[PDB]
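Novice: Any chance you could fold what I've pasted below:
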Amino acid sequence: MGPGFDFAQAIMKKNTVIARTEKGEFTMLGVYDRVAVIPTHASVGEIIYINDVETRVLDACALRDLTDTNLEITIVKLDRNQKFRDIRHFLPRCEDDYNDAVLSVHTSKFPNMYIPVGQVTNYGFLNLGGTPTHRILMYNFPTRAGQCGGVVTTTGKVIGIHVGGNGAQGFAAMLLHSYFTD
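Specialist: Numbers count the residues shown, from 1 in each chain. Shown next is the protein structure:
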């Protein structure tokens, strides 16, 4: 509808795949080469389905900060025959608050979904399904099951991936440029 949805559409059309694990279907952001992200609660194994293609997982790393606290972000390298468009120049370098964010999801269940979630708070600490988690973004939209892995953008920046909610609020793990230096 506006420049917010335009930026979000540009990311979804070129930089997402449908990831399937034994824990279900997830929106999965491709960042560069064969490197993508997914919520840690997807429990990525040795094999994953990517757009329904059986894919060997070359590497998978569950990120924690230097306080040894969960970040809820898994970085996956896929044995895929095609590279992603490099979108690392769209990642923020520092933790921050934002205005006018969109949350975008693409699964079997929720194809081409875009939600204007509005203002995003640098929330910080969250007890997420009982796990102490850091670097959480918070937005006041009643997000639901099927949206985890959903991409959070502002015009010009990819800022996080949806990892849960409490029925009033939704929660995203921050993406930072320093996660994807090669």
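Novice: what packs against the helix or strand hosting residue 18?
Specialist: Assessed by DSSP states H and E, residue 18 sits inside strand 16-21. Strand 16-21 sits against strand 24-32, strand 35-39, strand 47-50, with contacts defined as 3 or more C-beta pairs under 8 Å, 6 or more residues apart in numbering; DSSP states H and E. Every residue, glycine included, has its C-beta placed from N, CA and C.
Novice: what about those, which gets the closest to residue 73?
Specialist: strand 35-39 (5.6 Å; C-beta to C-beta).
Novice: Can you tell me the strand partners of the closest one and which way each runs?
Specialist: In the sheet, strand 35-39 lines up against strand 24-32 (antiparallel), strand 70-78 (antiparallel) (DSSP bridges).
Novice: angle of whatever helix or strand residue 11 lives in against strand 35-39?
Specialist: Assigned by DSSP H and E, residue 11 falls within helix 3-15. Here helix 3-15 runs at an angle of 120 degrees relative to strand 35-39 (axes from the mean of the first three to the mean of the last three C-alpha atoms, to 10 degrees).
Novice: From residue 49, how far off is the spatially most central residue of the chain?
Specialist: Centroid-nearest residue in the chain: residue 161, 2.5 Å away (criterion: C-alpha atoms, centre = their mean). The gap separating residue 161 from residue 49 is 19 Å, by C-beta to C-beta, to the nearest Å.
Novice: Report all helices and strands that the helix holding residue 11 contacts.
Specialist: So helix 3-15, by 3+ C-beta pairs under 8 Å, 6+ apart, packs with strand 24-32, strand 98-105, strand 113-128, strand 151-154.
Novice: hmm, try it at 7 Å
Specialist: Contacts defined by 3 or more C-beta pairs under 7 Å, 6 or more residues apart in numbering; DSSP states H and E place helix 3-15 against strand 98-105, strand 113-128, strand 151-154.
Novice: Mean neighbour count and distance to residue 2 for the strands paired with strand 35-39 - can I get that in TSV?
Specialist: Listed next are the strands paired with strand 35-39 as TSV, based on neighbours: other C-beta atoms under 10 Å; distance: least, C-beta to C-beta, whole Å:
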stretch	mean neighbour count	distance to residue 2
strand 24-32	23	21
strand 70-78	21	28
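Novice: among those strands, which is nearest residue 101?
Specialist: strand 24-32 (14.6 Å).
Novice: Switch the strands paired with strand 35-39 over to JSON lines; also include distance to residue 89.
Specialist: As requested, the strands paired with strand 35-39 are exported to JSON lines (distance: least, C-beta to C-beta, whole Å):
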{"stretch": "strand 24-32", "distance to residue 89": "10"}
{"stretch": "strand 70-78", "distance to residue 89": "18"}
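Novice: Compare these and report which one is nearest to residue 104.
Specialist: Smallest distance to residue 104 across the strands paired with strand 35-39 (C-beta to C-beta): 7.5 Å, for strand 24-32.
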